[PDB]
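Have a look at the structure below, then the notes.
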Amino acid sequence: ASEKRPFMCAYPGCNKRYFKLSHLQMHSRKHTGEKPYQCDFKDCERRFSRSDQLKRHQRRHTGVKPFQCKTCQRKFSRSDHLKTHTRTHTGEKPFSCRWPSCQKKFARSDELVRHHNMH
DNA sequence: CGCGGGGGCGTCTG
DNA sequence: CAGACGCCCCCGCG
Ligand SMILES: [Zn+2]
Ligand SMILES: [Zn+2]
Ligand SMILES: [Zn+2]
Ligand SMILES: [Zn+2]
């Protein structure tokens, strides 16, 4: 089970062996969302299973909003919110309804999900 | 009702 | 592995 292990996983819940550095880099991605960090704040006590999740969450406390709109100059702290809001200025509404008499279009999957719950 | 704003998660690239 | 991009999901508000 380890008589030949060019590489191993660095996650303490795994520590299994691998042979291709890249194929192990791919395996490791599964564990990148299994590392329980915690907030550093004295006004928080949350835990995040990824560095990016914690780093994103930190912005909620710092108030930092580096993603600024080119149109209305609004400021956001998540690229997903900014790109979503971008579609509001771009008129990009690809989430059209599939019901037998509607086809109403939204710029967000969840907006379409709520709309469908109205049917 | 349209959209802000946080949670969780897969994933390519570095 | 981590940093960064993209989405789905859920909730709250004017
Ligand atoms: Zn592993
Ligand atoms: Zn926090
Ligand atoms: Zn804008
Ligand atoms: Zn519909």
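For the structure tokens, the naming scheme is as follows: chains receive sequential letters (A, B, ...) according to their order of presentation, residues are indexed from 1 within each chain, and ligands are indexed from 1 in presentation order.
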
Considering only C-alpha atoms (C1' of nucleotides), extract the chain A residues located within 8 Å of chain C and return them as a short mmCIF file (atom, residue, chain, number, x, y, z; two decimals) with N, CA and C atoms, in the first residue's frame.
data_model
loop_
_atom_site.label_atom_id
_atom_site.label_comp_id
_atom_site.auth_asym_id
_atom_site.auth_seq_id
_atom_site.Cartn_x
_atom_site.Cartn_y
_atom_site.Cartn_z
N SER A 28 -5.51 16.61 -4.70
CA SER A 28 -5.42 17.53 -3.58
C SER A 28 -6.59 18.52 -3.59
N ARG A 29 -7.10 18.85 -4.80
CA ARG A 29 -8.20 19.81 -4.93
C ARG A 29 -9.40 19.38 -4.08
N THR A 32 -8.72 20.59 -0.69
CA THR A 32 -8.65 22.08 -0.56
C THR A 32 -9.93 22.64 0.07
N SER A 51 -9.13 28.11 2.15
CA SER A 51 -8.44 29.38 2.35
C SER A 51 -9.20 30.53 1.66
N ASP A 52 -9.65 30.30 0.42
CA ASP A 52 -10.39 31.30 -0.35
C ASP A 52 -11.74 31.64 0.32
N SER A 79 -16.48 38.65 -6.89
CA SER A 79 -16.48 38.66 -8.36
C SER A 79 -17.79 38.08 -8.91
N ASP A 80 -18.36 37.10 -8.19
CA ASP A 80 -19.62 36.48 -8.59
C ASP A 80 -20.80 37.49 -8.50
N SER A 109 -29.78 32.24 -12.04
CA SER A 109 -30.38 30.92 -11.94
C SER A 109 -31.40 30.87 -10.79
N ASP A 110 -31.02 31.40 -9.63
CA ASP A 110 -31.89 31.42 -8.44
C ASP A 110 -33.13 32.33 -8.66
#

Could you list, with a cut-off of 7 Å and counting only C-alpha atoms and all ligand atoms, the residues of chain A near ligand 2, each shown with its nearest atom pair and the distance in Å rounded to one decimal, rows sorted by chain and ascending number, as a tab-separated table?
residue	atom	partner	partner_atom_place_in_ligand_line	distance
A:39	CA	ligand 2	1 (Zn)	4.9
A:41	CA	ligand 2	1 (Zn)	6.5
A:44	CA	ligand 2	1 (Zn)	4.6
A:45	CA	ligand 2	1 (Zn)	6.1
A:46	CA	ligand 2	1 (Zn)	5.2
A:57	CA	ligand 2	1 (Zn)	5.9
A:58	CA	ligand 2	1 (Zn)	5.9
A:61	CA	ligand 2	1 (Zn)	6.6

Dump as a tab-separated table the rows for residues of chain A within 6 Å of ligand 4: closest atom pair and distance in Å with one decimal, only C-alpha atoms and all ligand atoms counted, ordered by chain and rising residue number.
residue	atom	partner	partner_atom_place_in_ligand_line	distance
A:97	CA	ligand 4	1 (Zn)	4.3
A:99	CA	ligand 4	1 (Zn)	5.2
A:102	CA	ligand 4	1 (Zn)	4.2
A:103	CA	ligand 4	1 (Zn)	5.2
A:104	CA	ligand 4	1 (Zn)	5.3
A:116	CA	ligand 4	1 (Zn)	5.6

Compute the set of protein, DNA and RNA residues whose minimum atom distance to ligand 1 is at most 9 Å, using only C-alpha atoms (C1' of nucleotides) and all ligand atoms, and state it as a ChimeraX atom specification.
-> /A:8-17,24,27-31

Emit the selected residues as an mmCIF file, in the first residue's frame, including N, CA, C and O atoms.
data_model
loop_
_atom_site.group_PDB
_atom_site.id
_atom_site.type_symbol
_atom_site.label_atom_id
_atom_site.label_comp_id
_atom_site.auth_asym_id
_atom_site.auth_seq_id
_atom_site.Cartn_x
_atom_site.Cartn_y
_atom_site.Cartn_z
ATOM 1 N N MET A 8 2.913 11.668 -1.935
ATOM 2 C CA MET A 8 1.776 11.393 -1.038
ATOM 3 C C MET A 8 0.921 12.645 -0.885
ATOM 4 O O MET A 8 1.404 13.763 -1.080
ATOM 5 N N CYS A 9 -0.331 12.459 -0.489
ATOM 6 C CA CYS A 9 -1.211 13.583 -0.168
ATOM 7 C C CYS A 9 -0.813 14.220 1.182
ATOM 8 O O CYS A 9 -0.436 13.521 2.124
ATOM 9 N N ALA A 10 -0.864 15.558 1.242
ATOM 10 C CA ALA A 10 -0.471 16.296 2.448
ATOM 11 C C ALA A 10 -1.686 16.534 3.398
ATOM 12 O O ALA A 10 -1.536 17.146 4.455
ATOM 13 N N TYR A 11 -2.880 16.037 3.014
ATOM 14 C CA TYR A 11 -4.067 16.132 3.883
ATOM 15 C C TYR A 11 -4.036 15.017 4.961
ATOM 16 O O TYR A 11 -3.878 13.838 4.637
ATOM 17 N N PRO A 12 -4.170 15.387 6.261
ATOM 18 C CA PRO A 12 -4.010 14.441 7.379
ATOM 19 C C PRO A 12 -5.138 13.388 7.447
ATOM 20 O O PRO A 12 -4.991 12.364 8.110
ATOM 21 N N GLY A 13 -6.241 13.635 6.727
ATOM 22 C CA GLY A 13 -7.329 12.649 6.631
ATOM 23 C C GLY A 13 -7.088 11.618 5.511
ATOM 24 O O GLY A 13 -7.888 10.704 5.321
ATOM 25 N N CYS A 14 -6.000 11.813 4.744
ATOM 26 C CA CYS A 14 -5.690 10.967 3.590
ATOM 27 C C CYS A 14 -4.276 10.374 3.716
ATOM 28 O O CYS A 14 -4.116 9.198 4.052
ATOM 29 N N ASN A 15 -3.254 11.210 3.459
ATOM 30 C CA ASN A 15 -1.848 10.779 3.504
ATOM 31 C C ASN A 15 -1.604 9.538 2.584
ATOM 32 O O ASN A 15 -0.665 8.764 2.803
ATOM 33 N N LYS A 16 -2.431 9.397 1.531
ATOM 34 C CA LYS A 16 -2.283 8.300 0.564
ATOM 35 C C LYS A 16 -1.228 8.641 -0.459
ATOM 36 O O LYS A 16 -0.735 9.759 -0.495
ATOM 37 N N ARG A 17 -0.857 7.662 -1.282
ATOM 38 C CA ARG A 17 0.253 7.830 -2.205
ATOM 39 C C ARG A 17 -0.232 8.177 -3.616
ATOM 40 O O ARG A 17 -1.322 7.787 -4.031
ATOM 41 N N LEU A 24 -1.618 14.138 -8.518
ATOM 42 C CA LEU A 24 -1.750 14.385 -7.086
ATOM 43 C C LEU A 24 -2.238 15.834 -6.814
ATOM 44 O O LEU A 24 -3.112 16.048 -5.980
ATOM 45 N N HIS A 27 -5.817 15.540 -7.249
ATOM 46 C CA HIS A 27 -6.426 14.856 -6.087
ATOM 47 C C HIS A 27 -6.546 15.814 -4.900
ATOM 48 O O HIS A 27 -7.592 15.887 -4.242
ATOM 49 N N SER A 28 -5.505 16.615 -4.702
ATOM 50 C CA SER A 28 -5.424 17.527 -3.583
ATOM 51 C C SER A 28 -6.592 18.517 -3.594
ATOM 52 O O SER A 28 -7.057 18.938 -2.534
ATOM 53 N N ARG A 29 -7.102 18.850 -4.798
ATOM 54 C CA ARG A 29 -8.203 19.814 -4.933
ATOM 55 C C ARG A 29 -9.396 19.385 -4.085
ATOM 56 O O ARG A 29 -10.040 20.221 -3.455
ATOM 57 N N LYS A 30 -9.656 18.068 -4.031
ATOM 58 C CA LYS A 30 -10.737 17.532 -3.196
ATOM 59 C C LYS A 30 -10.550 17.966 -1.727
ATOM 60 O O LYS A 30 -11.512 18.329 -1.059
ATOM 61 N N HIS A 31 -9.299 17.954 -1.252
ATOM 62 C CA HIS A 31 -8.990 18.281 0.142
ATOM 63 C C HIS A 31 -8.933 19.804 0.383
ATOM 64 O O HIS A 31 -9.032 20.254 1.523
#

Can you list every residue of chain A that has an atom at most 9 Å from chain B, with its nearest atom pair and the distance in Å to one decimal, using only C-alpha atoms (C1' of nucleotides), ordered by chain then number, as JSON lines?
{"residue": "A:29", "atom": "CA", "partner": "B:11", "partner_atom": "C1'", "distance": 7.9}
{"residue": "A:30", "atom": "CA", "partner": "B:10", "partner_atom": "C1'", "distance": 8.5}
{"residue": "A:33", "atom": "CA", "partner": "B:9", "partner_atom": "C1'", "distance": 7.5}
{"residue": "A:53", "atom": "CA", "partner": "B:8", "partner_atom": "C1'", "distance": 8.7}
{"residue": "A:57", "atom": "CA", "partner": "B:6", "partner_atom": "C1'", "distance": 7.9}
{"residue": "A:60", "atom": "CA", "partner": "B:6", "partner_atom": "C1'", "distance": 8.1}
{"residue": "A:76", "atom": "CA", "partner": "B:5", "partner_atom": "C1'", "distance": 9.0}
{"residue": "A:77", "atom": "CA", "partner": "B:5", "partner_atom": "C1'", "distance": 8.9}
{"residue": "A:78", "atom": "CA", "partner": "B:5", "partner_atom": "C1'", "distance": 8.9}
{"residue": "A:81", "atom": "CA", "partner": "B:5", "partner_atom": "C1'", "distance": 7.9}
{"residue": "A:85", "atom": "CA", "partner": "B:3", "partner_atom": "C1'", "distance": 7.9}
{"residue": "A:88", "atom": "CA", "partner": "B:3", "partner_atom": "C1'", "distance": 8.9}
{"residue": "A:111", "atom": "CA", "partner": "B:2", "partner_atom": "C1'", "distance": 8.6}

Go through stretch 14-118 of chain A and collect every residue that DSSP, computed from the backbone, puts in strand (DSSP E); the answer should be as a ChimeraX atom specification.
-> /A:17-18,37-38,47-48,67-68,75-76,95-96,105-106

Set the cut-off to 7 Å, count only C-alpha atoms (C1' of nucleotides) and all ligand atoms, and list whatever residues fall near ligand 3 as a ChimeraX atom specification.
-> /A:69-74,85-86,89

Keeping only N, CA and C atoms, take the residues you just selected and write them out as a JSON list (two decimals), in the first residue's frame.
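And here's again.json as it stands now:
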[["chain", "number", "residue", "atom", "x", "y", "z"],
["A", 69, "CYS", "N", -17.97, 48.46, -10.35],
["A", 69, "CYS", "CA", -18.67, 48.50, -11.63],
["A", 69, "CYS", "C", -18.08, 49.60, -12.55],
["A", 70, "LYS", "N", -17.97, 49.29, -13.84],
["A", 70, "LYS", "CA", -17.54, 50.27, -14.85],
["A", 70, "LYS", "C", -18.69, 51.24, -15.21],
["A", 71, "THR", "N", -19.93, 50.82, -14.91],
["A", 71, "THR", "CA", -21.13, 51.55, -15.33],
["A", 71, "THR", "C", -21.59, 52.54, -14.25],
["A", 72, "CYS", "N", -22.02, 52.01, -13.09],
["A", 72, "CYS", "CA", -22.58, 52.84, -12.00],
["A", 72, "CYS", "C", -21.54, 53.11, -10.90],
["A", 73, "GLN", "N", -20.33, 52.52, -11.06],
["A", 73, "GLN", "CA", -19.23, 52.68, -10.09],
["A", 73, "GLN", "C", -19.62, 52.14, -8.69],
["A", 74, "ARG", "N", -20.61, 51.22, -8.64],
["A", 74, "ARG", "CA", -20.91, 50.47, -7.41],
["A", 74, "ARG", "C", -19.75, 49.58, -7.05],
["A", 85, "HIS", "N", -24.11, 41.38, -11.21],
["A", 85, "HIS", "CA", -24.59, 42.75, -11.36],
["A", 85, "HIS", "C", -24.23, 43.31, -12.75],
["A", 86, "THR", "N", -23.10, 42.86, -13.30],
["A", 86, "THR", "CA", -22.70, 43.24, -14.65],
["A", 86, "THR", "C", -23.78, 42.87, -15.66],
["A", 89, "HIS", "N", -26.49, 45.36, -16.05],
["A", 89, "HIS", "CA", -26.17, 46.48, -16.95],
["A", 89, "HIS", "C", -26.05, 45.99, -18.40]]

Using the chain letters and numbers from this document, which residues of chain A does DSSP assign to helix (DSSP H, G or I), as JSON, numbers by chain?
-> {"A": [21, 22, 23, 24, 25, 26, 27, 28, 29, 30, 31, 32, 51, 52, 53, 54, 55, 56, 57, 58, 59, 60, 61, 62, 79, 80, 81, 82, 83, 84, 85, 86, 87, 88, 89, 90, 109, 110, 111, 112, 113, 114, 115, 116, 117]}

Quick one: pull the distance between atom CA of residue A:92 and atom CA of residue A:106, Å, one decimal.
->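 Between these atoms lies a distance of 8.1 Å.
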